[PDB]
Ligand SMILES: CC(=O)N[C@@H]1[C@@H](O[C@@H]2O[C@H](C(=O)O)[C@@H](O[C@@H]3O[C@H](CO)[C@@H](O)[C@H](O[C@@H]4O[C@H](C(=O)O)[C@@H](O[C@@H]5O[C@H](CO)[C@@H](O)[C@H](O[C@@H]6O[C@H](C(=O)O)[C@@H](O[C@@H]7O[C@H](CO)[C@@H](O)[C@H](O[C@@H]8O[C@H](C(=O)O)[C@@H](O[C@@H]9O[C@H](CO)[C@@H](O)[C@H](O)[C@H]9NC(C)=O)[C@H](O)[C@H]8O)[C@H]7NC(C)=O)[C@H](O)[C@H]6O)[C@H]5NC(C)=O)[C@H](O)[C@H]4O)[C@H]3NC(C)=O)[C@H](O)[C@H]2O)[C@H](O)[C@@H](CO)O[C@H]1O
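Protein chains in written order, with the numbering used here: chain A, 24 to 542; chain B, -10 to 113; chain C, 341 to 446.
Listed below in structure tokens is the structure:
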């Protein structure tokens, strides 16, 4: 029944949106190159350029829009007539017997009528070693409509009829199928769902669900018929496993309650999270076959199936939303090279889906294409500025680069602390050393191997070697100079104060981290 | 434990009085299934009377039943109840009890595990 | 809403394939089920969702739908198959039963 919902003049809007994107990129590059100083004074070896003003304006507008969306969501209340059917879809491969039980109990004890909620769990690898998950599923839902099937096959390898009738007629269903991947189980569940439900909620085998997540998502979906998908806030079960887990939790809060909120202000959320997400069933059934059979210019994709789901939803003119009243708890890596592998995978999926997302910019707000362009072009300018200031041959240059990076991080952390109302977000300033060391080389590693474990060590080694050589060259070249001149003396009176401030900031941040974590 | 449904409270009653039939379930929980009351007049076809969904409170009746009859379900005894007041001479039939699943769409599942019949006679 | 069974009374021998047609004016989001009942006994479920077969029912019974019409077919009529067959259009807030279609013998 739903259609593409194209605009009245698709070609004109396409042309003007592409022209706007090209003009924005050209203007940003011209402002970066020109280095035109706006505000200046003496006795200060730094100024505010047009590029810096543009970045500050972008940060200000993103913060303002996120705050406005959060306030609007908080103020409004919705009926939730409780007349819509929901299907909770869980996929499992080898989930820990400790996390799957929590997930199943959370799904069972959610706050939604039992005659409107139907739970389906699909398990990969019916090799007699994965029956411990079906047994636990049966144990959790002993006194309900339970249908369990072991399918010696798959949808892309009878069983199909039994699977479909069990999923569409029963309430709690557990299907075990041959191993095909995360896409295979999700496709099997979506196809077996049919037209038996109105909304399809997607979950993982590890996510612990809040009791109000389903009802809040249904409430936000029922308000407007234009909405096709919605997400929710995702928390972390283990924020104290290591230093990486704590930073990951802070980054999760930031990316969910600032970036995603700002995107949802214009109803153009780019990605719906895996653990929390609701989709309209009719649109999903429309685009399911196309979504399954998608390749990146001749290569199958096994990454970012939630980002691709959101892209498919957006490609039909249907807007995606975000609500913070629905919460869930997931698990994040606590070890290096594993968080690094996850970040590399996410960057690969984002780069691969950027080209597909660029096709449907005309159907949504101009903020979508603006943010896509700026987020795509920011890291390259980051690297160029870093290289130039590193190899400029002055110690004050690298010191000021570090100070500027930390100042931007501190501004973001202060805004996050004010928005959340809680003070732990000041430690979000510590993500600068993680982004500048691993994430930046990982972006280029993902870009150079877009078509495709101790492998991402090499980009880290190259980046570290380049940085160390640059710092050594700058130190050598400033060691061979005469500082008796009154210009290098003002440079010295800046260097001393900057170093003192930098060390003091590092000391207070480390002390605050230890105080907040140890207690 | 095999699914069984037993009926109680049927008999003779003068017109205008009241009756309380009871449907005792065994082998399952009424909170995970629908409970329907179906009656068959002497020498006639089946007629649906009322339906109750426990843990949700959804009750449905018929045009010739609504207003007079009430349906409930007690989970402390794991039974269902049908209270018929303002009985008429036309309500004499054999009342059954049926179990079913839930309504999702074009798929329902059916009326599996029918109970026995209890006889109600409204006459002078 | 009205549910009409086409053959009110049907007679066939043993081994005869017999079909029963059932018409309902409300076929938007309501499932159609087919039940069988014998004298002095509670009805038993034969077919649900207008095509699926209940566990334990012999594979001779089958169900089909063609637009508004719903059909129940018995390929071979065994002596134990003589009973009264009923339709049911069951959705929330309204359930409607069919009537008649008593299968007899010559
Ligand atoms: C000679 C002459 O001409 N003049 C002389 C003077 O010389 C002059 O001196 C001055 C001077 O130095 O003072 C000098 O001026 C300076 O000039 C330079 C240029 O040379 C100029 O640059 C200076 O301005 C500053 O420059 C900075 C800069 O370089 O950029 C700039 O900093 C930047 O500001 C930005 C503005 O906001 C800011 O954004 C930047 O920070 C980064 O932004 C990124 C971003 O927004 O994209 C961030 O990246 C993102 O972060 C988010 C955070 O959460 C992440 O979430 C995100 O990752 C995504 O997260 C998702 C998620 O949900 O988690 C992921 O989704 C996942 O998807 C998968 C599937 O795909 C799913 O499976 C997962 O489930 C799902 N995840 C979950 C969870 O569900 C998703 O995959 C993932 O991608 C992340 N990435 C992206 C892509 O979004 C990033 O974090 C952030 O760090 C910031 N950059 C920083 C901090 O490094 C400054 O703002 C700017 O001010 C300029 N200086 C000034 C002051 O203006 C002159 O040039 C020079 O001429 C001389 O001084 C005088 C002396 O007298 O003399 C004159 O003559």
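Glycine residues also receive a C-beta, built at the ideal position from the N, C-alpha and C atoms.
Scanning its chain for C-beta atoms nearer than 7 angstroms, with the 5 sequence neighbours on each side dropped, one finds around residue 367(A) the residues 465, 468, 469 and 479, in chain order.
Within its own chain, the residues whose Cβ lies closer than 7 angstroms to the Cβ of residue 62(A), once the five positions on either side in sequence are excluded, are 70 and 71, listed in chain order. By a beta-carbon distance limit of 8 angstroms, residue 385(A) contacts residue 33(A). Their separation comes to about 6 angstroms. The beta-carbon separation of residue 209(A) and residue 328(A), rounded to 7 angstroms, stays under the 8 angstroms limit for a contact.
Counting along the chain, residue 188(A) sits inside the alpha helix (DSSP H) bounded by residues 182 to 192. Within the stretch 162 to 180 of chain A, the residues whose Cβ lies closer than 7 angstroms to some Cβ of chain B are 166, 167 and 168, listed in chain order. Cβ neighbours of residue 448(A) within its own chain (closer than 6 angstroms, five residues either side excluded): 436, 439 and 440. According to the DSSP assignment, residue 514(A) belongs to the alpha helix (DSSP H) that extends over 509 to 541. Put simply, the stretch 138 to 156 of chain A does not touch the stretch 5 to 12 of chain B. Fewer than three CB pairs are less than 8 angstroms apart.
Following the DSSP letters along the chain, one finds residue 9(B) inside the beta strand (DSSP E) bounded by residues 7 to 15.
For residue 39(B), there is no enclosing alpha helix (DSSP H); the residue is part of the beta strand (DSSP E) that begins and ends at 35 to 42. For residue 77(B), there is no enclosing alpha helix (DSSP H), as DSSP gives it neither H nor E. Taking 7 angstroms as the cut-off, the beta carbon of residue 186(A) is found no closer than this to the beta carbon of residue 252(A). Cα atoms of residue 193(A) and residue 444(A): separation of roughly 45 angstroms, rounded to the nearest angstrom. Annotation for residue 296(A) indicates a beta carbon within 6 angstroms of some heavy atom of ligand 1.
Along the stretch -2 to 26 of chain B, going in chain order, the ones with a CB nearer than 9 angstroms to a CB of chain A are 17, 18, 20, 21, 22 and 23. In the DSSP annotation of this structure, the continuous segment of the beta strand (DSSP E) that includes residue 63(B) starts and ends at 58 to 63. Residues 186, 187 and 190 of the same chain have their beta carbon placed closer than 6 angstroms to that of residue 215(A), with the five preceding and five following residues left out of the count. Rounded to whole angstroms, residue 55(B) and residue 348(A) show a C-alpha spacing of 40 angstroms. Beta-bridge pairing by DSSP links residue 383(A) to no other residue.
Taking one beta carbon from each stretch, the stretch 438 to 446 of chain C and the stretch 399 to 408 of chain C have fewer than 3 pairs nearer than 8 angstroms; the two do not touch. Put simply, the CB of residue 191(A) is near chain B, with a gap under 7 angstroms to one of its CB atoms. If you look at residue -4(B), you'll find it in the beta strand (DSSP E) that goes -7 to -3. Residue 346(A) is positioned such that its CB atom lies no closer than 7 angstroms to that of residue 333(A). At a cut-off of 7 angstroms between C-beta atoms, residue 433(C) counts as an interface residue with respect to chain B. The criterion of a C-beta distance shorter than 7 angstroms is satisfied by residue 228(A) and residue 123(A).
DSSP places residue 199(A) within a strand segment (E or B) once states are collapsed to three.
Between ligand 1 and the CB of residue 39(B), the shortest heavy atom gap is not smaller than 6 angstroms. Annotation for residue 58(A) indicates a beta carbon within 6 angstroms of some heavy atom of ligand 1.
Residue 423(C) sits in coil when the DSSP states are folded into three classes, being neither helix nor strand.
When DSSP reads this structure, residue 401(C) sits in a beta bridge with 414(C). By the criterion of at least three beta-carbon pairs nearer than 8 angstroms, the stretch 235 to 246 of chain A is in contact with the stretch 300 to 317 of chain A.
By alpha-carbon distance to residue 541(A), the top candidate from 412(A), 455(A), 269(A) and 506(A) is 269(A). Not one heavy atom of ligand 1 sits closer than 6 angstroms to the Cβ of residue 465(A). Contacts between residue 388(C) and chain B, judged by CB atoms closer than 9 angstroms, involve 96, 97, 98, 99, 100 and 101 in chain order.
Among the residues of chain C, those whose CB is under 7 angstroms from the CB of residue 188(A) are 392, following chain order.
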